[PDB]
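The block underneath contains the structure these notes are about, expressed in structure tokens.
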Amino acid sequence: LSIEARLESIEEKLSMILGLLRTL
Amino acid sequence: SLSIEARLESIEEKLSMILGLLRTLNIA
Amino acid sequence: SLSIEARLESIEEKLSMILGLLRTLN
Amino acid sequence: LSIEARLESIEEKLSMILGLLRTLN
């Protein structure tokens, strides 16, 4: 995967993590 | 087709929010 | 020191560990 | 900051996040 695609995936995982933490 | 620097800026903002929220959750 | 790709690999593994802990919290 | 320095800082923040999650559990 390109660096750009990898960073996009990292951003998506961070969005998920943040969403889960906000429900606590 | 976002630039790498713009993607890093978004990642950095999300990390900052995650850290602030986790510290808040850890308050006794 | 680390190449950009090696740093990304480390970041990706830490994210997997974080997500794994979130599903098993409490 | 260079991209390499920004990624190093991101990695450090992720390590801190892991520590905070471990304490929370």
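Identifiers in this document derive from the order of the structure tokens: chains are assigned A, B, ..., residues are numbered from 1 separately in each chain, and ligands are numbered from 1 in order of occurrence.
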Exercise. Got a sec: who's within 12 Å of residue 13 (chain B), counting only C-alpha atoms, leaving out chain neighbours fewer than 4 positions off, as a list in words?
Worked result: residues 11, 14, 15 and 18 of chain A; 6, 7, 8, 9, 17, 18, 19 and 20 of chain B; 10 and 13 of chain D
Would you output that residue set with C-alpha atoms, as a PDB file, in the first residue's frame?
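This went into result-v7.pdb:
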ATOM      1  CA  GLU A  11      -7.176   8.192  10.043  1.00  0.00           C
ATOM      2  CA  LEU A  14      -8.564   6.904  14.759  1.00  0.00           C
ATOM      3  CA  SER A  15     -12.076   8.108  13.847  1.00  0.00           C
ATOM      4  CA  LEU A  18     -12.626   8.372  19.017  1.00  0.00           C
TER       5      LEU A  18
ATOM      6  CA  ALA B   6      -3.528  17.546   5.390  1.00  0.00           C
ATOM      7  CA  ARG B   7      -4.013  13.900   6.324  1.00  0.00           C
ATOM      8  CA  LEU B   8      -1.417  14.241   9.078  1.00  0.00           C
ATOM      9  CA  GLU B   9      -3.220  17.350  10.381  1.00  0.00           C
ATOM     10  CA  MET B  17      -9.028  14.540  21.170  1.00  0.00           C
ATOM     11  CA  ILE B  18      -8.432  10.876  22.022  1.00  0.00           C
ATOM     12  CA  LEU B  19      -5.727  11.748  24.561  1.00  0.00           C
ATOM     13  CA  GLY B  20      -7.896  14.419  26.184  1.00  0.00           C
TER      14      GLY B  20
ATOM     15  CA  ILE D  10       2.139  10.227  16.318  1.00  0.00           C
ATOM     16  CA  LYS D  13       0.986   9.658  21.262  1.00  0.00           C
TER      17      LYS D  13
END
Problem set entry | Interface residues on chain B facing chain C, 12 Å, only C-alpha atoms, written as a ChimeraX atom specification | /B:11,15,18,22
For this session: Please return as a count of residues only: the residues of chain C that backbone DSSP assigns to helix (DSSP H, G or I).
Result: 21
Provide as a short mmCIF file (atom, residue, chain, number, x, y, z; two decimals) with C-alpha atoms, in the first residue's frame the residues of chain A at most 8 Å from chain C, counting only C-alpha atoms.
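The file below, selection_22.cif, is the result:
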data_model
loop_
_atom_site.label_atom_id
_atom_site.label_comp_id
_atom_site.auth_asym_id
_atom_site.auth_seq_id
_atom_site.Cartn_x
_atom_site.Cartn_y
_atom_site.Cartn_z
CA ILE A 3 1.99 5.86 2.16
CA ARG A 6 -1.84 3.77 4.77
CA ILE A 10 -4.84 5.20 10.08
CA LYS A 13 -9.10 3.77 12.66
CA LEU A 14 -8.56 6.90 14.76
CA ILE A 17 -11.45 4.83 18.26
CA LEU A 20 -16.05 4.46 20.67
#
Problem set entry | Coordinates-based distance that separates CA of residue 24 (chain B) from CA of residue 18 (chain D) (Å, one decimal) |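 Answer for the CA of residue 18 (chain D) to CA of residue 24 (chain B) separation: 14.7 Å.
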For this session: Would you mind telling me which residue in B:10, B:16, B:21, B:3 lies nearest to residue 23 (chain A) when using only C-alpha atoms?
Result: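 The answer is B:21, which sits nearest to residue 23 (chain A).
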Problem set entry | Residues of chain D within 9 Å of chain B, only C-alpha atoms counted, as an NGL selection string | :D and (3 or 6-7 or 10 or 13-14 or 16-17 or 20-21 or 23-24)
Convert the current residue selection to file output with N, CA, C and O atoms, as a short mmCIF file (atom, residue, chain, number, x, y, z; two decimals), in the first residue's frame.
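Done, and the output landed in result27.cif:
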data_model
loop_
_atom_site.label_atom_id
_atom_site.label_comp_id
_atom_site.auth_asym_id
_atom_site.auth_seq_id
_atom_site.Cartn_x
_atom_site.Cartn_y
_atom_site.Cartn_z
N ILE D 3 7.65 15.24 7.82
CA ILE D 3 6.71 14.13 7.95
C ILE D 3 7.27 13.06 8.88
O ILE D 3 6.53 12.48 9.68
N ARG D 6 6.74 14.21 12.38
CA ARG D 6 5.32 14.13 12.71
C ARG D 6 4.89 12.68 12.97
O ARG D 6 4.11 12.41 13.89
N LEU D 7 5.38 11.73 12.16
CA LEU D 7 5.05 10.32 12.40
C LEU D 7 5.66 9.82 13.71
O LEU D 7 5.06 8.98 14.39
N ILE D 10 3.38 11.00 16.35
CA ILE D 10 2.14 10.23 16.32
C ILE D 10 2.35 8.89 17.02
O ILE D 10 1.51 8.44 17.81
N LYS D 13 2.33 9.45 20.73
CA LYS D 13 0.99 9.66 21.26
C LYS D 13 0.22 8.34 21.36
O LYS D 13 -0.53 8.12 22.32
N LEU D 14 0.42 7.46 20.38
CA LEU D 14 -0.25 6.15 20.42
C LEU D 14 0.24 5.32 21.60
O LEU D 14 -0.55 4.58 22.21
N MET D 16 1.23 6.58 24.43
CA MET D 16 0.56 7.18 25.59
C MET D 16 -0.89 6.73 25.68
O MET D 16 -1.39 6.48 26.78
N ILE D 17 -1.58 6.69 24.55
CA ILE D 17 -2.97 6.22 24.50
C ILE D 17 -3.06 4.80 25.02
O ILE D 17 -3.97 4.46 25.80
N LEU D 20 -2.86 4.88 28.82
CA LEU D 20 -4.09 5.39 29.44
C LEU D 20 -5.20 4.35 29.37
O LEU D 20 -5.99 4.23 30.31
N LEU D 21 -5.30 3.62 28.25
CA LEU D 21 -6.30 2.56 28.14
C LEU D 21 -6.02 1.42 29.11
O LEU D 21 -6.96 0.84 29.67
N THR D 23 -4.55 1.60 32.05
CA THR D 23 -4.94 2.07 33.37
C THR D 23 -6.46 2.10 33.52
O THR D 23 -6.99 1.85 34.61
N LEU D 24 -7.17 2.41 32.44
CA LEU D 24 -8.62 2.54 32.52
C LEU D 24 -9.27 1.18 32.72
O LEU D 24 -10.37 1.10 33.28
#
